[PDB]
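S.K.: Here it is, the structure, as structure tokens.
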Amino acid sequence: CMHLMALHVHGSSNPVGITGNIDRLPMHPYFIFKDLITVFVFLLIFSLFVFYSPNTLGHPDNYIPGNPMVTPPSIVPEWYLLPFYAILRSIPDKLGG
Amino acid sequence: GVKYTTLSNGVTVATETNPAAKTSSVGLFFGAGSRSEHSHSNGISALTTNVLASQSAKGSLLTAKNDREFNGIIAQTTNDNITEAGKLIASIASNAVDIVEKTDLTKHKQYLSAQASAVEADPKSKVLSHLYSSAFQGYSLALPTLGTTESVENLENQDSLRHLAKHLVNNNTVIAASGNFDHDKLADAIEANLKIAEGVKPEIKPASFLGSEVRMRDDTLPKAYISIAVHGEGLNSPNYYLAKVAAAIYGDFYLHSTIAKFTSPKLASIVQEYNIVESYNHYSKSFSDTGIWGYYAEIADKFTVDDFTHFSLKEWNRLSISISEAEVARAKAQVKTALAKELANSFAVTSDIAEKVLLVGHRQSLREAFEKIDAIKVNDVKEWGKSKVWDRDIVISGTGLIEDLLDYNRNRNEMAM
Ligand SMILES: Cc1cccc2c(-c3cc(C(F)(F)F)ccc3F)nn(Cc3nnn(C)n3)c12
């Protein structure tokens, strides 16, 4: 909500990178329906993953009951934390990491 | 005494002779307005009429009547001088081509261009003129009645002479009169003096309504001027009076009038909760076969244009639902009075009788119109509202402080719920 208000104070930018004040349109109906298009596309792809291929994004080892005595061959985060964890692996010092 | 007279040639002399008329007028009309022009020759009908109307008059007042559909010269004189006025216009027409051939149009073109520019300066005339065009874009009916500047300077005597020879013909011309005079004497006077070439009535160029929006945002003006209208019933349509009745339901409004706080139309009370609009005017403009029904409005606040369009269009919805009998009774009475008001001046009835005789071929006196309007029930208005208003395409125009006028889809969507 705070992000939305910080947006609303000055409004949203545009691809051209110039003032939108020359030509503004109400969010409804135009951009409401654009939001519906993107929402249905997102939900369709989300359905693909959820129903037809749910575990591809996840890691199989997470279905093994965890026990501290056994270390898996590769301790790795889910895909979308990888870019940051890579940095953590690259920096020698733990504090520096 | 609405009686008609057909001369030896096909010219019809229609005269609304009536005792107790303050002054009398006679006018010759030929059905060639901006409708019968094209962009290259736009304004020629107005220019050729002004040249004829600029001719010296024997104490009579020659004035030019210019309109989308019909165009002619009108002479106004005291009741005793009507026959001289009648013989005058016949002299003008018989010598029309000769007058135009030698006439120098430069001064007349300057006057016409000044007229056209003055129309653009006045916001209401600009908005209405743009509104009519936007509805009929692509057809000749979109052309301004007086034309535009850049069009006018290209006019030449050949353009008008071609125009007159095409249109100023017996079958495409009518003679109108009104006042306290004997009909027969005027008819005989015209026959002995009017000599015009024969010709077939030029087919009226078709036009079709196209819902659209024309915005001329002008931030320097003090007020926002907007007009919104639909494809209203035009002349020779059985709903012609019905469209006028529907318009009178919402009527007129002016915020700084002593009647503002006390007027009947619902929209008037609604807009005063915030002084949304300074003035608005509902109208039913009717052409030969097409009409535009809507309102014009001037808004003196930048931040209330959307509020007005929302509320005004919401009020239109009530034509098809929850329209009250009292409103219809009010609108019927208001239209009847307004209809009779237009026909008071002998000049106005002369223009009116010429319009009907050209564009519909017959005319209804106030007696017939009152019999028709009196028979309009609430159901007839509601059926019309659904036919011509409910979810029907609108046409939008606006010039000043338009920034707050929300785009088409918003206003158009308000036409249905
Ligand atoms: C399984 C695993 C191994 C190594 C690191 C991580 C992280 C991780 C967490 C953070 C933060 F401090 F933000 F918590 C920052 C960087 C990281 F690499 N997380 N995980 C499990 C996981 N990965 N992705 N998800 C949805 N959970 C790891």
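In the structure tokens, each chain is lettered A, B, ... as it comes, each chain's residues begin at 1, and ligands are numbered from 1 in order of appearance.
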Please identify all residues of chain A having at least one atom at most 9 Å from any atom of chain B, considering only C-alpha atoms, and return them as a list in words.
M.R.: residues 25, 26, 28, 29 and 30 of chain A
S.K.: Take the selection from the previous step and output its residues with N, CA and C atoms, as a CSV table (one decimal), in the first residue's frame.
M.R.:
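And here is the file that came out, part.csv:
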chain,number,residue,atom,x,y,z
A,25,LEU,N,-5.3,8.6,-19.7
A,25,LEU,CA,-6.5,7.9,-19.8
A,25,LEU,C,-6.9,7.3,-18.4
A,26,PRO,N,-8.2,7.2,-18.1
A,26,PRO,CA,-8.5,6.5,-16.9
A,26,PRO,C,-8.1,5.1,-16.9
A,28,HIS,N,-9.6,2.5,-15.6
A,28,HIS,CA,-10.8,1.8,-16.1
A,28,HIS,C,-11.3,2.6,-17.3
A,29,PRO,N,-11.7,1.9,-18.4
A,29,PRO,CA,-11.7,0.5,-18.6
A,29,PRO,C,-10.4,0.0,-19.3
A,30,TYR,N,-9.7,0.9,-20.0
A,30,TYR,CA,-8.6,0.5,-20.8
A,30,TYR,C,-7.6,-0.4,-20.0
S.K.: Which residues are near ligand 1 - at most 10 Å, using only C-alpha atoms and all ligand atoms? Format: as an NGL selection string.
M.R.: :A and (58-59 or 61-62 or 74-89)
S.K.: With segment 52-56 of chain B as the partner and 12 Å as the cut-off, tabulate the residues of segment 114-209 of chain B that qualify, each row holding the nearest pair of atoms and their distance in Å to one decimal, using only C-alpha atoms, sorted by chain and rising number, as JSON lines.
M.R.:
{"residue": "B:160", "atom": "CA", "partner": "B:52", "partner_atom": "CA", "distance": 11.2}
{"residue": "B:161", "atom": "CA", "partner": "B:52", "partner_atom": "CA", "distance": 12.0}
{"residue": "B:164", "atom": "CA", "partner": "B:52", "partner_atom": "CA", "distance": 11.0}
S.K.: Give me every strand (DSSP E or B) residue in segment 107-308 of chain B, going by DSSP on the backbone, as JSON, numbers by chain.
M.R.: {"B": [173, 174, 175, 176, 177, 178, 179, 213, 214, 215, 216, 217, 218, 224, 225, 226, 227, 228, 229, 230, 231, 232, 252, 253, 254, 279, 280, 281, 282, 283, 284, 285, 286, 291, 292, 293, 294, 295, 296, 297, 298, 299]}
S.K.: Limited to N, CA and C atoms, could you put the picked residues into a file as a tab-separated table (two decimals), in the first residue's frame?
M.R.:
chain	number	residue	atom	x	y	z
B	173	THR	N	-36.87	25.26	-56.14
B	173	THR	CA	-37.02	26.57	-55.53
B	173	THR	C	-38.45	26.74	-55.03
B	174	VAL	N	-38.58	27.46	-53.91
B	174	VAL	CA	-39.87	27.77	-53.32
B	174	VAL	C	-39.89	29.25	-52.98
B	175	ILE	N	-41.08	29.82	-52.90
B	175	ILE	CA	-41.28	31.20	-52.48
B	175	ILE	C	-42.14	31.20	-51.23
B	176	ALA	N	-41.65	31.84	-50.18
B	176	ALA	CA	-42.32	31.89	-48.89
B	176	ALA	C	-42.73	33.31	-48.58
B	177	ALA	N	-43.84	33.46	-47.86
B	177	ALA	CA	-44.33	34.77	-47.49
B	177	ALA	C	-45.12	34.66	-46.19
B	178	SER	N	-45.26	35.80	-45.52
B	178	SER	CA	-46.01	35.85	-44.27
B	178	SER	C	-46.36	37.30	-43.97
B	179	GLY	N	-47.54	37.50	-43.39
B	179	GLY	CA	-47.96	38.84	-43.01
B	179	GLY	C	-49.41	39.13	-43.35
B	213	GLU	N	-15.91	11.46	-31.57
B	213	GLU	CA	-15.53	12.50	-30.62
B	213	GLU	C	-14.54	13.43	-31.29
B	214	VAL	N	-14.78	14.73	-31.18
B	214	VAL	CA	-13.88	15.75	-31.69
B	214	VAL	C	-13.55	16.68	-30.53
B	215	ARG	N	-12.29	16.68	-30.12
B	215	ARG	CA	-11.82	17.46	-28.98
B	215	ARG	C	-10.88	18.54	-29.47
B	216	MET	N	-11.10	19.77	-29.02
B	216	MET	CA	-10.28	20.92	-29.39
B	216	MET	C	-9.76	21.61	-28.14
B	217	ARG	N	-9.20	20.82	-27.23
B	217	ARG	CA	-8.81	21.34	-25.92
B	217	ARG	C	-8.12	22.69	-26.06
B	218	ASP	N	-8.69	23.69	-25.39
B	218	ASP	CA	-8.20	25.07	-25.46
B	218	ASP	C	-8.06	25.56	-24.03
B	224	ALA	N	-15.32	25.39	-20.03
B	224	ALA	CA	-15.35	24.21	-20.88
B	224	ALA	C	-16.70	24.13	-21.58
B	225	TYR	N	-16.67	24.05	-22.91
B	225	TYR	CA	-17.88	23.97	-23.72
B	225	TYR	C	-17.93	22.59	-24.35
B	226	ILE	N	-19.04	21.88	-24.15
B	226	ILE	CA	-19.19	20.52	-24.64
B	226	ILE	C	-20.61	20.30	-25.11
B	227	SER	N	-20.76	19.47	-26.13
B	227	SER	CA	-22.07	19.05	-26.60
B	227	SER	C	-22.03	17.56	-26.88
B	228	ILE	N	-23.06	16.85	-26.43
B	228	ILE	CA	-23.18	15.41	-26.61
B	228	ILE	C	-24.56	15.12	-27.17
B	229	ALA	N	-24.62	14.33	-28.23
B	229	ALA	CA	-25.89	14.12	-28.91
B	229	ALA	C	-25.86	12.78	-29.62
B	230	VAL	N	-27.06	12.31	-29.98
B	230	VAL	CA	-27.23	11.03	-30.65
B	230	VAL	C	-27.93	11.26	-31.97
B	231	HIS	N	-28.18	10.19	-32.72
B	231	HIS	CA	-28.86	10.31	-34.00
B	231	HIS	C	-30.34	10.55	-33.79
B	232	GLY	N	-30.73	11.81	-33.61
B	232	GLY	CA	-32.12	12.13	-33.36
B	232	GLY	C	-32.95	12.12	-34.62
B	252	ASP	N	-33.60	23.53	-20.49
B	252	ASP	CA	-32.46	24.43	-20.44
B	252	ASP	C	-32.12	24.76	-18.99
B	253	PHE	N	-30.95	25.36	-18.80
B	253	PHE	CA	-30.49	25.71	-17.47
B	253	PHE	C	-29.41	26.77	-17.58
B	254	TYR	N	-29.42	27.71	-16.63
B	254	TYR	CA	-28.38	28.74	-16.55
B	254	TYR	C	-28.19	29.05	-15.07
B	279	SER	N	-24.30	26.51	-17.60
B	279	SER	CA	-25.49	26.51	-18.43
B	279	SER	C	-25.43	25.31	-19.36
B	280	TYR	N	-26.59	24.72	-19.62
B	280	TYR	CA	-26.70	23.66	-20.61
B	280	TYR	C	-28.04	23.78	-21.31
B	281	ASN	N	-28.09	23.27	-22.54
B	281	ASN	CA	-29.22	23.48	-23.43
B	281	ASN	C	-29.48	22.20	-24.20
B	282	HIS	N	-30.64	21.59	-23.97
B	282	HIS	CA	-31.04	20.40	-24.72
B	282	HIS	C	-31.81	20.82	-25.97
B	283	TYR	N	-31.52	20.16	-27.08
B	283	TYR	CA	-32.05	20.54	-28.37
B	283	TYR	C	-32.25	19.31	-29.23
B	284	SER	N	-33.08	19.45	-30.26
B	284	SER	CA	-33.31	18.40	-31.26
B	284	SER	C	-33.16	19.05	-32.63
B	285	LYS	N	-31.92	19.13	-33.11
B	285	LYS	CA	-31.67	19.66	-34.45
B	285	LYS	C	-32.11	18.63	-35.48
B	286	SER	N	-32.89	19.07	-36.46
B	286	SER	CA	-33.48	18.17	-37.44
B	286	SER	C	-33.18	18.67	-38.85
B	291	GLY	N	-31.41	13.84	-37.97
B	291	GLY	CA	-31.50	14.77	-36.86
B	291	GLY	C	-30.53	14.38	-35.77
B	292	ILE	N	-30.18	15.38	-34.97
B	292	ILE	CA	-29.23	15.20	-33.87
B	292	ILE	C	-29.92	15.64	-32.59
B	293	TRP	N	-30.01	14.73	-31.63
B	293	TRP	CA	-30.66	14.98	-30.35
B	293	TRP	C	-29.61	14.91	-29.25
B	294	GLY	N	-29.56	15.94	-28.41
B	294	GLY	CA	-28.56	15.98	-27.38
B	294	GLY	C	-28.65	17.27	-26.60
B	295	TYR	N	-27.52	17.69	-26.04
B	295	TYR	CA	-27.46	18.92	-25.28
B	295	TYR	C	-26.14	19.63	-25.55
B	296	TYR	N	-26.15	20.93	-25.30
B	296	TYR	CA	-24.95	21.75	-25.26
B	296	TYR	C	-24.76	22.26	-23.84
B	297	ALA	N	-23.51	22.39	-23.42
B	297	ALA	CA	-23.24	22.76	-22.04
B	297	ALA	C	-21.94	23.54	-21.95
B	298	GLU	N	-21.96	24.59	-21.13
B	298	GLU	CA	-20.78	25.39	-20.82
B	298	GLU	C	-20.48	25.23	-19.35
B	299	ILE	N	-19.26	24.79	-19.04
B	299	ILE	CA	-18.86	24.48	-17.67
B	299	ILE	C	-17.73	25.42	-17.29
S.K.: I'd like the contact shell of residue 117 of chain B - 8 Å cut-off, only C-alpha atoms, skipping same-chain residues fewer than 3 positions apart - returned as a list in words.
M.R.: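 Final neighbour list, sorted by chain and number: residues 113, 114, 120, 121, 148 and 149 of chain B.
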S.K.: Determine which residues of segment 186-299 of chain B receive a DSSP assignment of alpha helix (DSSP H), computed from the backbone, and state them as a ChimeraX atom specification.
M.R.: /B:186-191,240-250,266-271
S.K.: Need to verify the contact set: residue 48 of chain B, 12 Å, only C-alpha atoms, exclusion of same-chain residues closer than 2 positions in sequence. Can you return it as a PyMOL selection string?
M.R.: chain B and resi 30+32-33+41-46+50-55+64-66+71-73+92-93+96-97+99-101+103-105+108-109+112+146+152+155-165+167-168
S.K.: So that I can see what lies close to residue 360 of chain B, please list as a PyMOL selection string the residues with an atom at most 10 Å from it, counting only C-alpha atoms and leaving out residues fewer than 4 positions away in the same chain.
M.R.: chain B and resi 235-237+288-289+355-356
S.K.: By how many Å are atom CA of residue 239 of chain B and atom CA of residue 316 of chain B apart?
M.R.: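 The value is 17.1 Å.
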S.K.: Taking into account only C-alpha atoms, which residue in the set B:82, B:339, B:128, B:142 is nearest to residue 23 of chain B?
M.R.: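 Among B:82, B:339, B:128, B:142, it is B:82 that comes nearest to residue 23 of chain B.
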S.K.: When you look at segment 187-204 of chain B with a cut-off of 6 Å (counting only C-alpha atoms), what residues show up, excluding the ones that are within fewer than 6 positions of it in the same chain? I need them as a ChimeraX atom specification.
M.R.: /B:87,90,94,169-172
